[PDB]
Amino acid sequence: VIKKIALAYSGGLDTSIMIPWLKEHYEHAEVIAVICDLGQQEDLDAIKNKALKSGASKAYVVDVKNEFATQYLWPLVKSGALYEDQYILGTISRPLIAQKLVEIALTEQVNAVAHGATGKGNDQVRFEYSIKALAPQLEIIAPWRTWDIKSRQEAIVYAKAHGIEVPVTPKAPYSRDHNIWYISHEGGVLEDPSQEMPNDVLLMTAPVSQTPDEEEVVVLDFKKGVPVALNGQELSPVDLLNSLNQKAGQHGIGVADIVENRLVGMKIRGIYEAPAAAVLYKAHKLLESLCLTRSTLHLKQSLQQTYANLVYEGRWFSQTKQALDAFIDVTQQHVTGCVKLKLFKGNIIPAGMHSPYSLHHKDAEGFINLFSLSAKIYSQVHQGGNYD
């Protein structure tokens, strides 16, 4: 008996019209909106009011920027994971959105939760794996998989029919996602990989041709694998990300133009901006090269893909992830020190690093003989053979 539904509400046209749609298809159902502040830099008061004006009985706005940075982005930094060796995994936000939706749903005695992810992308998997992992008893409603709205023009017609304001502004040329960690752009003319990136895509990163002609030095202090200070100033994760995004963005750093494999089974061409992320990944990699032994570094690097795939596929809320985090946290115990980097014209240039736990500071013949003994034996057995 669906009497009450919690909707992950982003403020767009689509989730706005899902409020009356949900109330139409679940008779006398009350709809509560859940709005997360992830750093998308939108007017959340206006989004809250729009949810209420659209028919929600309540509209929660939850500021999750610090929780996102400390509970999601910091473990990701520690993992060093890049999906398919290229993608900075900004959709790590989806399980956090799901977590807040489920938390509020359970305090509001709702029967079902809903989200506005489309029927063709990855985000629907991320949302629904997370919801099942957190609250297997909650019904999930995905209007894009059910309703007859097929186009933006149809959504606009429906919006006007239900008193939802639709002012004229052209269709966005690109489908975008924005949080404190990244900006993603896909769709439209981007879906043709034979074409270069158009010049109106980037939103927070300067094209290299307009970057400063003087390099900028940044000094990052890390403790146990995460950054705690910038240029000698202790900063919260959010403040450090904000400052580093501004600096590295001004210097054109961090743009990735990639073709990736979706979980749903097709390839997509995406543009990703993440200036601070690129700088943090570089500094973290340098410190690990100083502070981990060879065997630890090699084993940890061999698990980056596993971690990246888990994040990409929405499997954050799993024992598998818990076990990887426990492995990673051990490896990060001594990843503590100072990394100086020069930002300049899209480049992150090493400028020195140090750590109180730096490992940088007749035997050879015996090592060589025993290291190569199996090769010597093999070649004696296969005399005259080659390795072609």
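Numbers for residues come from their place in the sequence shown, where the first is 1.
Missing coordinates between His361 and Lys362 amount to 10 or more residues of the deposited sequence. The deposited model assigns a higher average Cα B-factor to 198 to 206 than to the other stretch when 198 to 206 and 85 to 93 are compared. Comparing 348 to 356 with 325 to 333, the stretch with the higher mean C-alpha B-factor in the PDB entry is 348 to 356. Among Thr306, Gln153, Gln71, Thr293, the highest C-alpha B-factor in the deposited entry belongs to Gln153. Note on the listed residues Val339, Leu38, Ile47, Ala33: the highest Cα temperature factor in the record is that of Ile47.
Annotation for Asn66: C-alpha temperature factor in the middle third relative to the rest of the modelled chain, per the entry. Per the PDB record, residue ranking by Cα B-factor puts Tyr174 in the highest third of the chain. Sort the chain's modelled residues by C-alpha temperature factor and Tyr158 lands in the highest third, per the entry. Placement of the Cα temperature factor of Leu343 within the chain: lowest third of the modelled residues, per the deposited record.
Sort the modelled residues of the chain by CA B factor and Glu313 lands in the lowest third.
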